[PDB]
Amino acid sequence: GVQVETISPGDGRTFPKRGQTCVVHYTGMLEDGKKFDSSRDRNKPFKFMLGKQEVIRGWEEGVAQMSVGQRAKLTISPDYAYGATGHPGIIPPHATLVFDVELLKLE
């Protein structure tokens, strides 16, 4: 499933409602800590809308449990990411993904 280990607190009340835009800063890494991507390097946060086919299942369930301002370690099991087909390039098959996500704001 999708794991959520909170490390930094948000407001603990405002959770993204289905249909809102999420502005997050993340760092995705392989099970062995290999940083494969990071929005913090591009200095541009990732803006995705909740509900529509925009994020891998893990992100859909994970972020939905987060509150504005919170930062957590999402450990997404293979079946909730790509796993099967994997992802040409940096995501090998049946890979467990760890995401350091900081929910910046909800619009």
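Rigid core: the largest C-alpha set superposing within 1.5 Å between the two forms. One-based numbering along the sequence shown.
Taking the rigid core as the alignment reference, the C-alpha atoms of 82-90 lie farther on average from the displayed form in 4 other deposited structures of this protein than those of the other stretch among 82-90 and 13-21. For 69-77 versus 48-56, the mean Cα distance to the shown form in 4 other deposited structures of this protein after rigid core alignment is larger for 48-56.
The mean Cα B-factor in the deposited entry runs higher for 36-44 than for the other of 68-76 and 36-44.
When 80-88 is weighed against 10-18, 80-88 comes out higher, by mean CA B-factor as recorded in the entry. The entry lists a Cα temperature factor for residue 55 that places it in the middle third of the chain's modelled residues. Among all modelled residues in its chain, residue 97 ranks in the middle third by Cα B-factor. Among the modelled residues of its chain, residue 2 has a C-alpha B-factor that falls in the highest third, as given in the PDB entry. Sort the modelled residues of the chain by CA B factor and residue 63 lands in the lowest third.
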